[PDB]
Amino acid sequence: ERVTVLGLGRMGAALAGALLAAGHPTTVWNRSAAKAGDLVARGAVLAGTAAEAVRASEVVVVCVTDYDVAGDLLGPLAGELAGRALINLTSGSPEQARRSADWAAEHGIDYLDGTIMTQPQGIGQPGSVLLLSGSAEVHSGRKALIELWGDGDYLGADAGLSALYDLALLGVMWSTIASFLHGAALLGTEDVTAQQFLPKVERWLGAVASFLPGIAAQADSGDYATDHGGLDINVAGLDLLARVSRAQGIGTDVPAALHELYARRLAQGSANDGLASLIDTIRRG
């Protein structure tokens, strides 16, 4: 099926490359035409203008720096985009994606927002994941196409969901990485490398990952059992982590922030509340 890709930066080039290696007829457009050279070699058709590109296909994928750019670029092509399917894999906020979808509704444009959770060299590779939201009709119908980039997880019809889920997952990434590097910092004061530390974390993360189904259940039922010792002892642990961190000779930022946060849930509840009770603390802005 004939498909168009607007934006040929590192990620947009990767999205088109994968459509092409599966033998889709791939029309492309980029502001800097130079970047479509390798792709047009392997057999893409480069439009002269964006309008031109849009007219070439019933599916349009867009991947550019941000939604202000997307807006500036698609707004003029609203008339040309009527009746076509639009898949926006630009990264931005829930609100921007919702606005896009609104915009797309009034101009009779089927609209699927997505957020890519891998690097360009990871497109078409196993373990690539794209979160998707907006038009279900666009998702099924183009599911084959989407699956060339990775596992496509359709989340629902609110086009904001992809961005929202993404940012929640990114939160876990940033958190996990900082805590890794704090662990490596600390064991470093004892001549253990990050790479000798690494296998233990790999093992330990498996155990942690087994903990979360129970944490999730409780967070939802609101019944906070004490399967990790209860807040009292985990708060004391964090404190001891912070104190031992200083003692060995590094900073205490990571433990400090976590201490403050778990400690707070100790106030609004009991000593024998599980960690799961911490959701309740975050819900109150």
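One-based numbering along the sequence shown.
- Stretches compared: 252-260, 46-54. Higher mean C-alpha B-factor in the entry: 46-54.
- Here the stretch with the larger average CA B-factor, out of 116-124 and 84-92, is 116-124.
- The residue among 36, 238, 70, 216 whose C-alpha carries the highest B-factor in the deposited model is 36.
- Highest CA B-factor among the listed residues (184, 177, 78, 155): 78.
- Sort the modelled residues of the chain by CA B factor and residue 226 lands in the highest third.
- Ranked by Cα temperature factor within the chain, residue 138 sits in the middle third according to the deposited record.
- Sort the chain's modelled residues by C-alpha temperature factor and residue 26 lands in the highest third, per the entry.
- Among the modelled residues of the chain, residue 200 sits in the lowest third by CA temperature factor in this PDB entry.
- Among all modelled residues in this chain, the alpha-carbon of residue 102 has a temperature factor (C-alpha) in the highest third.
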